[PDB]
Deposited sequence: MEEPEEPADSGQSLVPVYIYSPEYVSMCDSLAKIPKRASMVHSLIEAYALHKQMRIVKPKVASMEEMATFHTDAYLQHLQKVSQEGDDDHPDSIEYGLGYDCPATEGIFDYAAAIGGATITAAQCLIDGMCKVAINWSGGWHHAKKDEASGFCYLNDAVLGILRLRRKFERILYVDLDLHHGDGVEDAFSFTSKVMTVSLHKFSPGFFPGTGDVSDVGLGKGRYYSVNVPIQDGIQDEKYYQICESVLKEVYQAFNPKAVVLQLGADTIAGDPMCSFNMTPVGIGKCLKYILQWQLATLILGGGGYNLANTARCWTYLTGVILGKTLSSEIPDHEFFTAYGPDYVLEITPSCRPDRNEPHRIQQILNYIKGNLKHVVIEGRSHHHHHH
């Protein structure tokens, strides 16, 4: 105990990048290269069963994933009806892949419930876009939702924090009408930017009003600003909501160098957000997500695992399998691009206040 659970397994990693460039392997490989796995408790992930996946997804949709997984993106009549397309490729293995991811996250939640640790990690998870009966944005199964549902079998109030560049709409929609789970997401909100939801006036509905928190941010934000913002909101959510457990997806598609070319963050900035949450001392389920500069994604998460362990890593990338992927420079640190931060300090303030306000109506 008191020692972090690391959901991994050579078979689990093979499955994650078995469709979608091999990224799971690079992440684990860099963590292993830093010997971080020796400081954690490695736990083999179970594979989610239909019942478990049905906790959120409809069987009609789950069955479709099987069908397609077994055959292919062939001219199937119901594929469009279920989100499969360019954004969410129909392929062989799709159902198995989802099931492994869903199980990994459910397994991590189990570890947290069983008191086996205070932090459980699943870097291959965090696919927050999936809907109950529809695929979206590379998410076939919403593992985060399944983890949250699993945690509730033990924790009264769950706080979901999504730091992916994209709005965590799949997760938000799932708990839109409840106050048992609060979703907070910092993301890019601009015309035509996927998924198109998450404006700041998006606060939830019914008993869920004010239990959905969204922070729209513009291109080029850097560590300092981000942390100011994120810490501002979190401090207020912790006071107003009083979570007993935390699910945190840390997609790296916000990091400088990403093909998404939106935010201008470094892993140190995200790591500060992570330390803040860790400080709370609550059961925490860490998830991955976006991140499409593979080498950059692994650099980031390897650094965050270090943060979790409270360990300092060396700037120099250790030699290992995918070593040549680490740049002219082969270092851990990432350098923010020379792009402007179009986040007007005034609007950011209007947002913080608007959120502070809505969090006022929260009383447990």
In deposited-sequence numbering, the unmodelled segments run 1 to 12, 32 to 33, 379 to 388
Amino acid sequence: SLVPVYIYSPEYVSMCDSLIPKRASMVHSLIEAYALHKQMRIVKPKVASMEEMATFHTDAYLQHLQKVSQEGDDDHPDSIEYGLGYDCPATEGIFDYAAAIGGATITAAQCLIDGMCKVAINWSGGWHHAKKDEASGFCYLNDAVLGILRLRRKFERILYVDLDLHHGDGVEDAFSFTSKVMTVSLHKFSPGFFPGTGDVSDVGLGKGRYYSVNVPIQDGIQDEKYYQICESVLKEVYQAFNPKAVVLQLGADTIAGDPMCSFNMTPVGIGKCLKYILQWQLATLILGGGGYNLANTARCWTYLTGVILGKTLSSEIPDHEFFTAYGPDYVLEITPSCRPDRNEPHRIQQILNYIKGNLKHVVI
From here on, numbers count along this sequence of modelled residues.
Could you check the entry and say whether 26 to 34 or 66 to 74 has the higher mean CA B-factor? 66 to 74
Averaging the C-alpha B factors as listed in the entry, name the stretch that ends up higher: 236 to 244 or 282 to 290. 236 to 244
Just to confirm, going by the entry's C-alpha B-factors, which of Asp87, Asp219, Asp253, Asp162 comes out highest? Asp87
Based on what the PDB entry reports, which of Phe175, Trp127, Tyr210, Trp123 has the top C-alpha B-factor? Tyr210
Chain-wide C-alpha B factor ranking for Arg153, given as lowest, middle or highest third: highest
Divide the modelled residues of the chain into thirds by Cα B-factor and specify which third, lowest, middle or highest, holds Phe56. lowest
Chain-relative CA temperature factor third for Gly271: middle
For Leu146, the third of its chain by CA B-factor is the lowest
Chain thirds of CA B-factor: placement of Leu304: lowest
